[PDB]
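Each remark here refers to the structure printed beneath this line.
All of the numbers you see were taken from the coordinates with simple rules; none came from a lab. All Cβ positions, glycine included, derive from the backbone under ideal geometry; neighbour counts span all protein chains shown.
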Amino acid sequence: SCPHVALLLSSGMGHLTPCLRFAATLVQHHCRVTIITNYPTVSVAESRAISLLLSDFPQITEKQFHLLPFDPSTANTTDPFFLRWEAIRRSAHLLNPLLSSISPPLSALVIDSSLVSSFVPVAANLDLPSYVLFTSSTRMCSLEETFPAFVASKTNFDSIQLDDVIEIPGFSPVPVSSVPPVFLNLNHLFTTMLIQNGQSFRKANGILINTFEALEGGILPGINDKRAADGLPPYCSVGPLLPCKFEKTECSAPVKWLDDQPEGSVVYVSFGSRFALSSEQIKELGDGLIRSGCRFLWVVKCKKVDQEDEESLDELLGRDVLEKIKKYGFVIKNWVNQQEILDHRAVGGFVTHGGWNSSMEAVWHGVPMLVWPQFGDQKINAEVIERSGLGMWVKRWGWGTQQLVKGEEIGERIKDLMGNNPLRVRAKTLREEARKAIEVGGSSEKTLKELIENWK
Amino acid sequence: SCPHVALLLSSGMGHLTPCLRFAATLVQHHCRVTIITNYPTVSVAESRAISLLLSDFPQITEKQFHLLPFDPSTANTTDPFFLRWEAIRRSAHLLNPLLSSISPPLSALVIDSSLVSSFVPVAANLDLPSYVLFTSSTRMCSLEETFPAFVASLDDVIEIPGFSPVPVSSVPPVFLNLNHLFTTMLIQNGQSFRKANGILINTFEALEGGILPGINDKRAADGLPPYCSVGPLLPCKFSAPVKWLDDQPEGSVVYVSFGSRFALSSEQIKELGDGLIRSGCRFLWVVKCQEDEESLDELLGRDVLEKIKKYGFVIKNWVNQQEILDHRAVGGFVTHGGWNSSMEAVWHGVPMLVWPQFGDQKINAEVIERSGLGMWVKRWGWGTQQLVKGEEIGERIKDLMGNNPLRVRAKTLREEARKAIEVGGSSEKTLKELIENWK
Ligand SMILES: O=c1ccn([C@@H]2O[C@H](COP(=O)(O)OP(=O)(O)O[C@H]3O[C@H](CO)[C@@H](O)[C@H](O)[C@H]3O)[C@@H](O)[C@H]2O)c(=O)[nH]1
Ligand SMILES: O=c1ccn([C@@H]2O[C@H](COP(=O)(O)OP(=O)(O)O[C@H]3O[C@H](CO)[C@@H](O)[C@H](O)[C@H]3O)[C@@H](O)[C@H]2O)c(=O)[nH]1
């Protein structure tokens, strides 16, 4: 028997990447994977990823979910990715015919974390075991579970709220300063969805996380038996989730440029797929990279959605400035193969926004990190990284969205990143442990095997 | 459920390519696949290929087959690949525990066309349904099955079922040389094809008329195992010559390769180089002389080597033939007529000039010629047997490049081949039915 698993995706590369990689892992562990997609994708990158995955894996079936006509006026945010999540969630009662059509009969439904609350009852109607796919760190999962109780505890998130902690079971408490800024905005669409989903994580048969136990002390078994005692579903560490072979094109111009550089001399700089720095910050970062005195590779976005970023970098920085920066290092306003870049020998360090996918990529490839949180989960994930010893995160810089950092200080901190030996020593060890987790008999291998063995 | 299929390989890239590609295919059709391998492989290509497949497909298990120690004293042939088949065949009794060992329970076993006679009984003992993986054309398979009865019974017609006759001229030369290792082994295999449950052939119906579905009912009447067409077997997901090809106009390059295990005479290499220069066309030339340490500079010369480089691309190495054939610049293919390269040309829609040198090629060429996709010079005979001068070569290449009906046929047949393995297609259907019966 080869267990049938259907995966329910949402919008956004941050959510999509671990879903596709998990599909690849499942297929490569003798399971039937069917992906439930929706179109048109908010960004091209998503569509391309789906197409490539399908071309490499013809045995994965794709069922398109047809969303009900959507009225954006009802929605609180102008953010496309969130808007799509809600668009899917409002057409939840039409998953039932979809799922009923599928053959062979389904063993399991993996549902994205963003759409849990709306779609877990649909899985209940058909006696379908449901598992949430969690795209962020474990600490963040706990925070998301604990948050609804916390907002229920308070009269209002008024000025009474200062930077004091939120209690998390089995974890170090989280300061309000590290808490996602949108959380304080109750009635924000994302916040509403987060309260609902965080409330609904308990309903699923299990919570899948992209991590390994060594990455976060040895707290996870204890937390899990405690959860079992309280009747909560278990955390399943199935990470690190390995990139597919299609994610590697060894003929990229950035890679070719990287080949001619001294080893461990390049600094990689990127801030995710769904977020663009402010113009001032782009300029100052430009200054800082030159001021660092190091070789660098810089991925710039001037808009969140890749389709919309028509503007050239010649428009913002302008004329001779961009040329000047170009002399010092590789600059690009285009989609790059990031994992492939992280594996390169020339790359000594990573300036990241703290997104969990890229963070885990650096953990897997053993690249020291300089974390520059911008919003959301990223101040928490940062902390994790810092505790691992693989990276450092500058607290003086605060949130990137609400604070500006000048070129000089950027330069100095980058120099700090390049000079730090302990980070590099830890990188190797944590890298090898990361390997051991997914080796046969590893934590993640054991967990995965158990999951499939339940299905069975 | 995930049916478990075993692939029994034999030495030879020509046999191994369809094997590995069939592993990929079966995996892609929700089957578990275990490959049975033997070491040390004769050539590096086989080893590296297996490595690449196993790397790209972690869900495929590899079971090393150990063989009885063999003496090359008989050795009716000096061919390494053919000798390997004797090595594996003589150790057939060692196969039973091996095949009994694999879990989950095998639902079927696929065995190479070279070792059928000796390894089809092993299946019967374990109630294991067995299929033969045939590498060559439908016509050639028919001939192989038809030959034993023919030996039991000059350049005239040999009897074939469900097909136009074959001139003994077209018959592989080694058939005449009885008590050759190849001939003997083959005589053993052909009479044993019937023991197998089905015949897996890399082909589609549109490639050889509308007779293919009928030969199956006709065979069913005679109690013969059906011919199951699973082709075209697509290449698997696993740069300098390509980089050169990108600087070239569309349909302006002639591609020249004569297979994995064959090498031209020095004289013929000289004359082919001459014909390539005299052709007036850009070209990519793949040269063969694993034991090939001597540079092309040695054989051709150094002063001679420089002249050819000016008008084309010359290489003495393994190439990604399919990657080169899918390219737009390549307007035509000069091939030996092997079934894999021919099939890749059909898939990439490349017009071809066939130059049969030995083996099954003479049949294949006909098929090629019969399809309208390519042209073959009957005048040239066997390349191993005959030498051709530069003028004829160049002129004939000009004929190939100038040929426009071939391009049309190439497009249309590319479409047929594509439609074959799409859902509802003739080729995919037979696969679906096969896997459905496993069950
Ligand atoms: O030029 C690029 C840009 C992005 N990526 C990939 O995009 C993926 C996702 O990036 P990620 O690190 O997850 O951050 P974001 O997707 O931009 O942002 C949100 O996406 C996830 C949602 O759970 C969270 O991990 C993040 O904290 C959250 O900020 C990574 O694997 C990157 O390798 C590339 O390969 N090339
Ligand atoms: O430089 C090279 C040479 C060969 N190939 C590949 O080798 C494969 C097999 O070659 P093939 O066309 O099958 O001919 P051979 O293997 O050299 O010769 C024997 O191999 C097969 C055994 O059945 C038959 O198809 C042939 O007629 C028979 O002559 C092809 O797919 C080619 O793509 C390459 O990729 N690069």
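Points to keep in mind about this one:
- When the Cα positions of A:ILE410, A:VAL176, A:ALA214 are compared along the charge dipole of chain A, A:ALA214 comes out farthest toward the positive end, with charges on each C-beta of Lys, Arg, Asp and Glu.
- Net charge of neighbours whose Cβ lies under 15 Å from the Cβ of B:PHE262, counting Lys and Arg as +1 and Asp and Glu as -1: 0
- Cβ-isolated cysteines (cut-off 4.7 Å), chain B: B:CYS19, B:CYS31, B:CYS141, B:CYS228, B:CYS236, B:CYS281, B:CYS289
- Under 18 Å of direct C-alpha separation, and excluding same-chain neighbours fewer than eight residues apart, B:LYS389 reaches these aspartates and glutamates: B:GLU267, B:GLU271, B:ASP274, B:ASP399.
- Ascending count of other beta-carbon atoms within 10 Å, so fewest first, for B:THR61, A:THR135: B:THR61, A:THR135
- Of the residues A:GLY354, A:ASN334, A:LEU313, the one whose Cα sits farthest toward the positive end of the charge dipole of the range A:245-433, with +1 on the Cβ of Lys and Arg and -1 on the Cβ of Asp and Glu, is A:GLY354.
- For the range B:1-147: rounded, prolate or oblate by the Cα gyration tensor [a/c cutoff 1.5]: rounded
- Each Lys or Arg adds one and each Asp or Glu subtracts one; over the other residues with Cβ under 9 Å from the Cβ of B:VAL168, this totals -2.
- Taking the DSSP beta bridges with both ends in chain B, the antiparallel portion is around 5 percent.
- Taking the DSSP bridge list for the protein assembly as shown and keeping only pairs wholly inside it, about 5 percent are antiparallel.
- Neighbours of A:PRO148 by Cβ distance under 14 Å: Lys/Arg scored +1, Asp/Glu scored -1, total 0.
- Using all pairs of distinct alpha-carbon atoms, the Kirkwood hydrodynamic radius of the protein assembly as shown works out to 31.1 angstrom.
- Partner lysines for A:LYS256 [C-alpha distance under 20 Å; skip if fewer than 8 residues away on the same chain]: A:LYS245, A:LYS248, A:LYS326, A:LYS327, A:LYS333, B:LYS243
- Segment A:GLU250-A:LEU94, length gained on full extension (0.36 nm per residue, minus Cα span): 51.9 nm
- Relative exposure of B:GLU391, A:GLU213, judged by other C-beta atoms within 10 Å (fewest first): B:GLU391, A:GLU213
- Taking the Cα centre of the protein assembly as shown as reference, the dipole from Cβ charges on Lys and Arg (+1) and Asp and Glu (-1) amounts to some 360 debye.
- Relative contact order %, the range A:245-433, counting alpha carbon pairs below 8 Å whose residues are six or more apart: 26
- Pairs of alpha carbons in chain B whose separation is greater than 30 Å (percent): 44
- In chain B, the calculated helix contribution to ellipticity at 222 nm averages -13000 deg cm²/dmol per residue, counting -39,500 (n - 2.57) for every DSSP H run with n ≥ 4.
- Rule-of-thumb Rg ratio for the range B:31-83 [Cα; 2.2 N^0.38 Å; N residues]: 1.40
- Amide H contacts for A:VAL351 (H built 1.01 Å from N in the peptide plane; partners 5 or more residues away or on another chain; cut-off under 5 Å): A:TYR268, A:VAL269, A:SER270, A:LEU370.
- Label positions at B:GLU323 and A:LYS456, each projected 7 Å from the Cα along the C-beta direction, are separated by 4.6 nm.
- For peptide B:24-32, the mean count of partner chain Cβ atoms within 10 Å of a residue's Cβ comes to 3.
- Gyration tensor (Cα) of the range A:245-433, equivalent ellipsoid semi-axes in angstrom: 23, 19, 17
- Likely footprinting exposure, A:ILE410, A:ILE102, fewest C-beta neighbours within 10 Å first: A:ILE102, A:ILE410
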